[PDB]
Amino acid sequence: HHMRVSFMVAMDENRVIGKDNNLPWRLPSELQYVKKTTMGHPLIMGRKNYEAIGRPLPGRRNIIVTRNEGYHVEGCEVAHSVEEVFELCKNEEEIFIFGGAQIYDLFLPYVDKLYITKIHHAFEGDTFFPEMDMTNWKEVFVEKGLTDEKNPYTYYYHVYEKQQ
């Protein structure tokens, strides 16, 4: 495979990413960072994640991953395996694995770059971001997120790159 495989994820201090098929927090500023970074690049989404989003995201190829061979959504592409995704994206520069947990597990052996926002709070949750061995990964970007009236937690943007 030729395209760069980037994970895009926000998690808490215990790796929680979801509660009851939704996001446990509201951070409009973190969401804006996500738009800025992913704009014009394909988003790879697990079926559940996609249905929780509820609509195609503009200016990006939306690719939904499902085992269901009769699944169709207007304005979205459908893939049924890692390889089908790699076929659909064979000419792309960078794709974003956009969640949730099952889809992160799926593409974990292949990930080249990690865009991870870390939120400094312990949420109640049921869905978790998988453990990663960071040997041969270097942090290439870190920045404190905007904490204000509308964004009520402390969080940092991190970006890691796999080496070689």
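The first residue of the shown sequence is 1; numbering continues from there.
Stretches 49-57 and 95-103 differ in mean C-alpha B factor, with the higher average recorded for 49-57. Residue 113: CA B factor lies in the middle third for its chain, per the PDB record. For residue 120, the recorded CA B-factor ranks within the lowest third of the chain. Only modelled residues enter the ranking. In the deposited entry, the Cα temperature factor of residue 149 places it in the highest third of its chain's modelled residues. The PDB entry assigns residue 84 a C-alpha temperature factor belonging to the lowest third of its chain's modelled residues. Among the modelled residues of the chain, residue 23 sits in the highest third by CA temperature factor in this PDB entry.
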